[PDB]
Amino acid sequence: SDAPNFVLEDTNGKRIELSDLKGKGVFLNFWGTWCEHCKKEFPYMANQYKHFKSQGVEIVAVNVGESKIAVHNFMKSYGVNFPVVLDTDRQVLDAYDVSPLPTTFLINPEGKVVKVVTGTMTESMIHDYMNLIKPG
């Protein structure tokens, strides 16, 4: 099933479009700075990103509409090294029908959603999930 396309700004100004990431696996994450999951899991994502980025797995972590300053503070506290985008009007959040937070969509290189993860993730789970969507 196809991942609704979108264009948002990363936390540096850079226009990120989802369909431009075709050819790579996308670990797509919707998150808020108040979520217990994300405080635990963000350091794991950062540590697994060190290994997977050069294999063709990209992270897009869509913050659900909070201020740039809350976002920046969270990124700094939790060692974030990956792409964060700011869904400022909440309209990507809607296109994706996101209910619990966080939710992770695992998008393969063709642009299709192969899993929706709504539960807690261990660092091992995250490793496995990135192996599922990598080109190799």
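From 1 onward, residues are counted along the sequence shown.
Comparing the deposited coordinates for 73-81 and 102-110, the stretch with the larger average C-alpha B-factor is 73-81.
A summary of the deposited B-factors shows that, of 113-121 and 12-20, the stretch with the larger mean C-alpha value is 12-20. Set against one another, the Cα B-factors of 55, 48, 67, 63 in the record reach their highest point at 67. The entry assigns its greatest Cα B factor, within the set 27, 34, 42, 96, to 96. Per-chain ranking of the deposited C-alpha B factor places residue 38 in the middle third.
Annotation for residue 59: C-alpha temperature factor in the lowest third relative to the rest of the modelled chain, per the entry.
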